[PDB]
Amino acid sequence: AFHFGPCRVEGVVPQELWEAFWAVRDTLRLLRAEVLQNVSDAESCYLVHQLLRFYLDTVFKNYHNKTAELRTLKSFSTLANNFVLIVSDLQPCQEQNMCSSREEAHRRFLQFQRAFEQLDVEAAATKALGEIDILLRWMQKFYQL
């Protein structure tokens, strides 16, 4: 399962995320891999939750081309569904006050958001979708057998 600090996420595994991403990518830095690499185990619950919420609330919404044809919409939907299933475990860990969010952690999310907001939002959304490989390579560090 995934172990994002104290939060165990059981509904989704990396193989599912990767196969969903490659389908999305096939239809198509804000995230600094070096920054994500040094995020503590403890901080991971907050930061994964914040980033996946941002994808679900801002990125997919602002990516116009997801409705170009039904197969494309289905591919995007599969990927978003995987993110929702992860957040459905992380949200309760936050609302039971399980996940730390030190000032440093909020500032790492703000670094991402500042970069995203430099661009026109449709271009930003397109770029952020392309960077899901960065996100998933980081997230899978928290996946154990």
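Residue numbers here begin at 1 and follow the sequence given.
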- Message: Please classify the unmodelled stretch of the deposited sequence between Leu28 and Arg29: none, 1 to 3, 4 to 9, or 10 or more residues.
- Response: 4 to 9
- The stretch whose C-alpha atoms carry the larger average B-factor in the entry, 91-99 or 59-67, is 91-99
- Item | Between 46-54 and 114-122 (mean CA B-factor, as deposited), the higher | 114-122
- Task: Could you tell me which third, lowest, middle or highest, the C-alpha B-factor of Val12 occupies within its chain?
- Result: highest
- Item | Third assignment of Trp18 from its chain's C-alpha B-factors | lowest
- Comparing against every modelled residue in the chain, figure out the third that the C-alpha B-factor of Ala80 lands in (lowest, middle or highest). lowest
